[PDB]
Amino acid sequence: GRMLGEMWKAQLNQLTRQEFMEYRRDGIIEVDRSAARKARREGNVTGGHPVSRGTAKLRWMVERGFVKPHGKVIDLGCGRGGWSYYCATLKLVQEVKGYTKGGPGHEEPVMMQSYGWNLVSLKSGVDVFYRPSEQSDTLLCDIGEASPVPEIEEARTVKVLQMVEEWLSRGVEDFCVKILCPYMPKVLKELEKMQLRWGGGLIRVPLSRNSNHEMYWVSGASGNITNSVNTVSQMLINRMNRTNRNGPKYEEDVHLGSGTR
Ligand SMILES: Nc1ncnc2c1ncn2[C@@H]1O[C@H](C[C@@H](N)CC[C@H](N)C(=O)O)[C@@H](O)[C@H]1O
């Protein structure tokens, strides 16, 4: 017996390229990044433009109380820094440490002057899978690289969970962890065990593209994991089979301001 998500992935992989591109943003929420893309090219670091689409995804979860960043924030796989710079704007946050691998094929941290930027320290050249754990109040992780092979996505997601387990054991109050492939058996088995110990629940952020099944394990949710994943799989399959496409629903990107804290 297979999860519905396995059927979604199989159907996704059978789409033609043009079908895939018509499907991937159909009916999703998307922030208009035109001004932000221009800002990064012009070296505009004070205009409040997020360095990535990640900022809007985390803002969506924070504003709904799914995670409450505060104290010392650690951002595993910080990339350009979208999540890290966002957290630094938040009143209860006091320090942000971001780590990311960088190098060929991987995003480097971007130095910004969004509000609270002086609270942020981003370090490239760090493979978090071999970094000793550190104490934190808020633990964030947005790692996981897509593959057409569900077993590869499954293994990559399990490795993330096994790393997060070590960091959560230092004593973490709030967390938000990307689950790249929530429908495969090894991920479900691992996640149910970690939810039993650490709590939380899985949520789907509507800014995620239909072309991926990513969900976020967040301390501020509580649902049954199997049911949560199936709900997303049915929604994504329903969208795949409704062939009068409309593209995304457009909204405004986050404004991160400027200035030190
Ligand atoms: N083993 C690793 N160690 C550190 N960083 C990694 C590793 N594997 C992947 N990454 C990085 O993790 C990042 C994941 C991104 N989705 C993070 C985006 C970030 N949340 C933002 O808002 O911009 C990518 O930039 C990867 O290069």
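FYI, the numbering just counts along the sequence from 1. One-based numbering, in listed order, for ligands and for the atoms of each. When reading the values below, keep in mind they use all heavy atoms of this one structure, side chains included, and skip hydrogens, waters and symmetry mates.
- One finds a salt bridge joining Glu42 and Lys38 here, because a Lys/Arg side-chain nitrogen approaches an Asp/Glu carboxylate oxygen to under 4.0 Å.
- One finds no salt bridge joining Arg170 and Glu134 here, because no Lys/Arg side-chain nitrogen approaches an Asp/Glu carboxylate oxygen to under 4.0 Å.
- Cation-pi contact between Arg131 and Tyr99: present, with separation from the ring centre below 6.0 Å and deviation from the ring axis of at most 45°.
- Both tests hold for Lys159 against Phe129: distance to the six-membered ring centre under 6.0 Å, angle to the ring axis within 45°.
- For ligand 1, the atoms closer than 4.0 angstrom to any heavy atom of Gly54 are 22 (O).
- Residue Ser52 approaches ligand 1 through these ligand atoms, each under 4.0 Å from one of its heavy atoms: 21 (C), 22 (O), 23 (O).
- The ring-ring contact (aromatic ring centres under 6.0 Å, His included) test with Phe175 singles out one residue from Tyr216, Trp167, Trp198, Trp217, and that residue is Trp217.
- Those atoms of ligand 1 that come under 4.0 Å of a heavy atom in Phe129, given as number and element, are 1 (N).
- Ion pairing of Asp75 with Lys97 is absent here, as no side-chain N (NZ or NE/NH1/NH2) approaches a carboxylate O to less than 4.0 Å.
- The shortest N/O to N/O separation between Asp142 and ligand 1 falls below 3.5 Å.
- Taking any N or O of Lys178, backbone or side chain, none lies under 3.5 Å from an N or O belonging to ligand 1.
- In summary, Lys186 and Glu151 do not engage in a salt bridge, as defined by a charged side-chain N under 4.0 Å from a carboxylate O.
- Atoms of ligand 1 found under 4.0 Å from any heavy atom of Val126 (numbered from 1 in listed order, with element): 3 (N), 4 (C).
- Closest heavy-atom approach to atom 26 (C) of ligand 1 among the candidates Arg131, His106, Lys57: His106.
- In this structure, of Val160, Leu140, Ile143, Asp127, the residue bringing a heavy atom nearest to atom 9 (C) of ligand 1 is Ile143.
- With salt bridges taken as basic N to acidic carboxylate O contacts below 4.0 Å, none links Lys72 and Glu173.
- Those atoms of ligand 1 with a heavy atom of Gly82 less than 4.0 angstrom away are 21 (C), 22 (O), 23 (O).
- Of all atoms in ligand 1, listed by their number and element, those nearer than 4.0 Å to a heavy atom of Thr100 are 4 (C), 5 (N), 11 (C), 25 (O).
- Every atom of ligand 1 with a heavy atom of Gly79 under 4.0 Å away is listed here by number and element: 25 (O).
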